[PDB]
Amino acid sequence: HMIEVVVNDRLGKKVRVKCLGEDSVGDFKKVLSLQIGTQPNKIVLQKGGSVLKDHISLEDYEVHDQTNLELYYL
Amino acid sequence: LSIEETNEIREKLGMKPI
């Protein structure tokens, strides 16, 4: 049931993160952070300008395979 | 990142594998 989410940063870097729709946004941030060398509390994710809350699943935000998210650093 | 290295990260975080 693997999906690959595309995370887009403010320098135009695209980072692809393999995960599950059932993963929480918080757990997605944990994996992303280790992939890119940061920590979850140092970053924010948005989907279409709306901030993703840690306790809600990717799938509940309609985050699917190839969905784009926007990454911001605190 | 490969599925395998992703799963290494997931396992260390105490998450279910893909």
Side-chain angles (χ1 to χ4, degrees), chain A residues 1-12 14-38 40-74, chain B residues 1-10 13-15 17-18:
Chain A
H1 304 289
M2 189 193 82
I3 61 167
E4 191 181 66
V5 175
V6 186
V7 179
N8 301 277
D9 82 8
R10 293 299 288 184
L11 291 171
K14 281 188 179 162
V15 175
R16 294 167 178 272
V17 183
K18 293 167 178 61
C19 58
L20 303 174
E22 62 185 34
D23 292 344
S24 68
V25 165
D27 285 353
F28 179 81
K29 286 182 181 173
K30 291 188 179 188
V31 174
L32 169 66
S33 294
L34 288 167
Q35 191 168 323
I36 67 175
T38 189
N41 72 154
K42 291 174 175 177
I43 57 166
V44 165
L45 290 166
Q46 300 183 357
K47 183 185 178 189
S50 69
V51 176
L52 305 187
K53 299 184 184 181
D54 288 352
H55 220 269
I56 298 173
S57 72
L58 296 175
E59 60 191 4
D60 286 353
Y61 275 113
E62 304 191 321
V63 174
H64 309 311
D65 185 49
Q66 304 308 297
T67 294
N68 285 274
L69 304 178
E70 286 63 59
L71 175 64
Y72 297 89
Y73 291 83
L74 272 72
Chain B
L1 187 68
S2 68
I3 308 175
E4 24 281 309
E5 197 67 31
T6 301
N7 274 334
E8 279 275 75
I9 291 165
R10 288 179 74 93
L13 290 163
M15 294 176 65
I18 294 163

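Hydrogens, waters and symmetry mates play no part in the numbers below; they use all other heavy atoms, side chains included. Lettering follows sequence order; numbering is per chain, from 1.
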Exercise for the section: Could you check if a side-chain atom of A:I36 sits within less than 4.5 angstrom of a side-chain atom of A:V7, using non-hydrogen atoms only? Expected result: no

Handout entry: Sub-4.5 Å side-chain heavy-atom contact between B:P17 and B:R10
Key = no

Practice task
Please name all residues satisfying side-chain hydrogen bond (donor to acceptor under 3.5 Å, both in side chains) with A:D65, sequence neighbours left out, ordered by chain then number.
Solution key: none

Exercise for the section: Report yes if the side chains of A:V5 and A:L32 come closer than 4.5 Å at any heavy-atom pair, otherwise no. Expected result: no

Practice task
Determine, using the 4.5 Å side-chain heavy-atom cutoff (strictly less than), whether A:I3 and B:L13 are members of one ILVMFWY cluster.
Solution key: yes

Exercise for the section: Tell me, please, which residues at least two apart from A:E62 pass side-chain hydrogen bond (donor to acceptor under 3.5 Å, both in side chains). Expected result: none

Handout entry: same_hphob_cluster(B:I3, A:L20) at 4.5 Å side-chain heavy-atom cutoff
Key = yes

Problem - Short side-chain to backbone donor-acceptor contact, A:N8 and A:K14, under 3.5 Å - result: no

Handout entry: Pairwise distance CD(A:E70) to OG(A:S50) - rounded to 0.5 angstrom
Key = 9.0 Å

Exercise for the section: Provide the closest heavy-atom pair for A:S57 versus A:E22 in the form atom of the first, atom of the second, distance. Expected result: CB-O, 4.1 Å

Problem - Gap between atom CD of A:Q46 and atom CG of A:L52 - 0.5 Å precision - result: 8.0 Å

Problem - Euclidean distance, A:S33 OG relative to B:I9 CD1, rounded to 0.5 Å - result: 10.5 Å

Problem - Beyond-backbone contact of A:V31 with B:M15, side-chain heavy atoms, under 4.5 angstrom - result: yes

Exercise for the section: Quick one: closest heavy-atom pair of A:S24 and A:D27, and the distance? Expected result: OG-N, 3.0 Å

Practice task
For the pair A:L69 and A:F28, evaluate side chain to side chain contact (heavy atoms under 4.5 Å, CB included) and give the outcome as yes or no after the intermediate values.
Solution key: CA-CA 12 Å; A:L69 304 178; A:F28 179 81; 4.0 Å; yes

Handout entry: A:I56-A:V17 co-clustered via ILVMFWY side chain contacts under 4.5 Å
Key = yes

Exercise for the section: Can you sort out the partners of A:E4 under side-chain hydrogen bond (donor to acceptor under 3.5 Å, both in side chains), two or more places apart, ordered by chain and number? Expected result: A:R16, A:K18, A:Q66

Completion exercise
Taken in chain and number order and not counting sequence neighbours, the residues that satisfy salt bridge (charged side-chain N to carboxylate O under 4.0 Å, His left out) with A:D54 are A:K29

Handout entry: Single-linkage hydrophobic cluster, 4.5 Å side-chain cutoff, A:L74 and A:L34 together
Key = no

Exercise for the section: List in chain and number order the residues that pass side-chain hydrogen bond (donor to acceptor under 3.5 Å, both in side chains) with A:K47, two or more places apart in sequence or in another chain; answer none if no residue qualifies. Expected result: none

Handout entry: Student check: side-chain heavy atoms of A:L45 and A:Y61 closer than 4.5 Å
Key = no

Problem - Student check: side-chain heavy atoms of A:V15 and A:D9 closer than 4.5 Å - result: no

Handout entry: Donor-acceptor contact present, side-chain A:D23 to main-chain A:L58, <3.5 Å
Key = no

